[PDB]
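Next up: a single chain in structure tokens, the form deposited in one PDB entry.
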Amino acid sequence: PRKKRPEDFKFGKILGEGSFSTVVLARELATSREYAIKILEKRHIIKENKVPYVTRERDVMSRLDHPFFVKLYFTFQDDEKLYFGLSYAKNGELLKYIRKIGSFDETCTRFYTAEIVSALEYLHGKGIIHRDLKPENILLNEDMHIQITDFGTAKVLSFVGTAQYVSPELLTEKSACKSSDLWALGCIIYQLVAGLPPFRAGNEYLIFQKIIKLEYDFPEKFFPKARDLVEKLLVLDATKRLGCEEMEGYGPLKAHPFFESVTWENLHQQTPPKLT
């Protein structure tokens, strides 16, 4: 089809700024479609030795075809920049709703947790480890269904993701795996229900000390079935986390009492519960 150029677009406001990128809202002049265009500067990529990560990311986004992930429509580059045309997730980051509404009720916690597990099942199925899952990476579309992004740092089957969602193995033998993603899910489930991440401290080194020592507590408010699930994900021994291959995969995880009423088969077709 048509190989796109910057002039083919009417760029608008900035949707997000990373250390190596800026996602900008663009409207395609010929169709009026809105896209979230990720813009990367070749110079900064090179001098910062990031080529391996930019290639990785595009190559993962090529292999993914599922509704809970931001899609890559096209790419193009100019003299000093690379451009990736991605799905524009209208409602933005999930972190905003957590902060906006405070915390989630059980219905919302279960529906959104189910969408995350279904998306992890898919990703793990292609042999890709996100390695940096967090509420800032999980977006909500026009219909409030999740749309996961930020794959520059994924591992296809070195680094350390956001301090509070990093698992123990990384802080030790520095090696992450599929269970690293499950650790982050436990952290995120806790965060949805409590309104706050489980391992938190004044500084990063302190956050790390807690993680390795598994120093965190559950508020009395915490729904008990969600709590039982969180204790099955927040495990130091990665071969013991509900969801990993040694624990027989997603079947047992999906079969958790917390998910009793979920219909796993058509979630994105389902009307998400109203965030209150």
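Numbers follow the displayed sequence, beginning with 1.
Exercise. From residue 157 to residue 158, how many deposited residues does the entry skip: none, 1 to 3, 4 to 9, or 10 or more?
Worked result: The entry has a long gap there, with 10 or more residues left out between residue 157 and residue 158.
For this session: Using the B-factors recorded in the PDB entry, average over the C-alpha atoms of 170 to 178 and of 199 to 207, then report which stretch comes out higher.
Result: For C-alpha atoms only, the mean B-factor is higher in 170 to 178.
Problem set entry | 129 to 137 versus 82 to 90 - greater average Cα B-factor per the deposited record | Higher of the two, by average CA B-factor, is 129 to 137.
For this session: Name the residue from 194, 184, 108, 123 with the greatest C-alpha temperature factor listed in the entry.
Result: Checking the PDB record, the top C-alpha B-factor among 194, 184, 108, 123 is at 194.
Problem set entry | Maximum C-alpha temperature factor, selected from 221, 27, 38, 241 | Across 221, 27, 38, 241, the entry lists the biggest C-alpha B-factor for 221.
For this session: Taking the chain's C-alpha temperature factors as the reference, tell me which third residue 64 falls into: lowest, middle or highest.
Result: Its C-alpha B-factor belongs to the highest third of this chain's values.
Exercise. Comparing residue 58 with the other modelled residues of its chain, is its CA B-factor in the lowest, middle or highest third?
Worked result: Highest third, going by the recorded CA B-factors of the chain.
For this session: Please place residue 229 in the lowest, middle or highest third of its chain by C-alpha B factor as given in the entry.
Result: Middle third, going by the recorded CA B-factors of the chain.
Exercise. Mind checking which third residue 262 falls in for C-alpha B-factor across the chain?
Worked result: Within its chain, residue 262 is a highest-third residue by C-alpha B-factor, going by the deposited values.
Exercise. Going by what the PDB entry lists, where does residue 97 fall on CA B-factor within its chain: lowest, middle or highest third?
Worked result: For residue 97, whose C-alpha B-factor we compare with every modelled residue in the chain, the answer is the highest third.
Just so it is clear, the following notes concern the form deposited with a small molecule bound, a form of the same protein that is not shown.
Exercise. Are any of the heavy atoms in residue 77 no more than 4.5 Å from a heavy atom of the small molecule in the bound PDB entry?
Worked result: Taking the distances in the bound PDB entry, the answer for residue 77 is yes, it comes within 4.5 Å of the small molecule.
For this session: Decide whether residue 2 counts as a contact residue for the small molecule in the bound PDB entry under a heavy atom distance cut-off of 4.5 Å.
Result: Contact with the small molecule, no.
For this session: Would you please decide whether residue 54 lies within 4.5 angstroms of the small molecule in the bound PDB entry, comparing each non-hydrogen atom pair?
Result: Residue 54 belongs to the contact set for the small molecule.
Exercise. With a 4.5 Å heavy atom cut-off, would you call residue 227 a contact of the small molecule in the bound PDB entry?
Worked result: The answer is no: residue 227 has no heavy atom within 4.5 Å of the small molecule.
Exercise. Ok, 114, 82, 108, 177: which has a heavy atom sitting within 4.5 Å of the small molecule in the bound PDB entry?
Worked result: Only one listed residue qualifies here, and that residue is 82.
For this session: Among 213 to 221, 54 to 62, 240 to 248, 227 to 235, mark the stretch whose residues have heavy atoms within 4.5 Å of the small molecule in the bound PDB entry.
Result: Looking at the other structure, the answer is 54 to 62.
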